[PDB]
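Just one chain follows, in the form deposited in one PDB entry, and it is written as structure tokens.
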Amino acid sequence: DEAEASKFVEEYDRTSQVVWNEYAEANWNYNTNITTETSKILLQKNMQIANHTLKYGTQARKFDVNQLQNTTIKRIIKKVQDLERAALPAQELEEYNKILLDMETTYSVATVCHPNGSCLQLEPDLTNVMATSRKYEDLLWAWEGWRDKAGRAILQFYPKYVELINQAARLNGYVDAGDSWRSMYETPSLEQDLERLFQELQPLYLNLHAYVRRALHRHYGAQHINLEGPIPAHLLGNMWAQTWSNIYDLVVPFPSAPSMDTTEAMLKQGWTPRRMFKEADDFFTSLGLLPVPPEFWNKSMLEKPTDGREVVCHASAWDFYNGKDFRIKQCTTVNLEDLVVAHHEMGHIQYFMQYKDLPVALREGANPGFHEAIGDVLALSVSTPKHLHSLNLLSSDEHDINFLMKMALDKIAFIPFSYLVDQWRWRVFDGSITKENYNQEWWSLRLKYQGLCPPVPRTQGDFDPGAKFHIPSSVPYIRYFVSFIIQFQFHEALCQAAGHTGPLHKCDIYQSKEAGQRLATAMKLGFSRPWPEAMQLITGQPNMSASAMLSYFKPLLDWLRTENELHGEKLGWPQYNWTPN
């Protein structure tokens, strides 16, 4: 029984390489060239990969996993028994694939237009407005417009999507799609684990929220900001108020210690998207990690085409299942934000290259959070004033608190957002949230976790979750919450491995071969072992922990508490029922 099992795995892995490589090609071709033709080829390749999955999945289910000796074979066969969407009947499957395509296409081609003439796309036009405008009504136009055009358009598809993804989940042995998604972590205590981590970051978030709220009150006026209520969702510098770094200039702790305009610096010095990815490549190689192949530079789409082409702009990293072909697809803007994004995506590429010699079933991160965390770890060092000054993008305790605030606006603000997205989706999937209250429940969570309110009352027909990429694209989100916790654990451990002393936020692991080695050994494991092993290899312990993130921001927590107390802030939003009058 063991001999037939390993033979099966061998056959599965060699055939999967071929069909998945074919599928990836067609998917890439659509993502980088949205047309009726590339659509039809993709949907046809969807049938082909479903045929393969069904064939091998059906075989896999005939194995009694319980009777298998080898644990690696056991692990692979167990995973192949999950057919995903391929479990659906033929008619259901073609409908599901069409629904996903329609949702993705709708989101990626959505535009917000001025009556007079000009039509804005999310990247870069609406993103730029949200980042730079300091005018209440202009931010409102972009915020509401995006939700009116992208969000509302997704609503027609979503209930059927939910029905089909849940049906597929049940046919694969889960109770619903959220159950299926959570299972990717192989952690029965996941929901409690994440709840505890969220709670530990409360003091930091609430203090940041209160301080930022006070600064908004100062700029946007007392009539538009309730100092005891939620913050209007359009004022945080980001379409989804998920990260707040673009309003740094409104909240800077010590304006007497000014920072160099990084965007202006990058543009004047002739940075290009290509150069940004080259700098990311250099950072990885400085650690002794792998360079991207020449093929990467030849085949990647690192900027929005002027080709006339319609594309999916949202940054992604692609593994073509042949151990040679790895690509990034990103509509890169020349700014600091996208330089960080470039590092993030390059971390995904590094992961692909590190586990390329494993059987494809195990060519995944230790858990999806790990995959998201790699690039972010390096980006933490990239972001240090020391490293930015070395890149000629920047030029005391004041600057120190300023830096920590800047980092908090990104990292701390994202904690509740990244937590809530799948809190909402899991309840959609399990039936707790029906289509009659999709939006109402979304805003309940936006209030409960983030302390945000919508600037304009929502109406029936609104589907604000549809205005966030991962919703119509069916991309799980809890990975980003996990990523943000564990990236600081990795940072702390790699900094210690690099022999750095002093405050964690001052550490820069550039050129540390000891740091590179720890990351490499963990990444090489792919999905071959439960994630605590990869955690152990990097950090010397097996748990997720908020401690490293708390240690990193400790000096900011102290300053924020002092600042908030002297201004008499009431932390939180006890008047949670407050909305803009």
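Between two forms, the rigid core is defined as the largest C-alpha subset superposing within 1.5 Å. In this text, residue numbers run from 1 along the sequence as written.
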- Per the record, how many residues of the deposited chain fall between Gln192 and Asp193 without being modelled: none, 1 to 3, 4 to 9, or 10 or more? none
- Task: Averaging the C-alpha B factors as listed in the entry, name the stretch that ends up higher: 118-126 or 342-350.
- Result: 118-126
- Task: State which stretch shows the higher mean Cα B factor in the entry: 250-258 or 181-189.
- Result: 250-258
- Message: Among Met239, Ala90, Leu204, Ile485, where is the Cα B factor highest in this entry?
- Response: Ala90
- Message: I'd like to know which of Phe469, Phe490, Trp271, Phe414 has the highest C-alpha temperature factor in the PDB entry.
- Response: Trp271
- Task: Ordered by C-alpha B-factor within the chain, which third holds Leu537? Give me lowest, middle or highest, please.
- Result: middle
- Comparing against every modelled residue in the chain, figure out the third that the C-alpha B-factor of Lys524 lands in (lowest, middle or highest). middle
- Query: Which third of the chain does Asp376 land in by C-alpha B-factor: lowest, middle or highest?
  - Reply: lowest
- Could you tell me which third, lowest, middle or highest, the C-alpha B-factor of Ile433 occupies within its chain? middle
- Modelled-residue ranking by C-alpha temperature factor, third containing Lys506: highest
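One more form of this protein should be noted, the form deposited in another entry, which is absent from this view; the next part is about it.
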- Task: Please look at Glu310, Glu84, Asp148, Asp261 and say which one has a C-alpha shift reaching 2 Å or more between the shown form and the other one, core superposed.
- Result: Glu310
- Taking the rigid core as the reference frame, is the Cα of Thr32 displaced by 2 Å or more between the shown form and the other one? yes
- After superposition on the rigid core, does the Cα atom of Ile41 shift by at least 2 Å between the shown form and the other one? yes
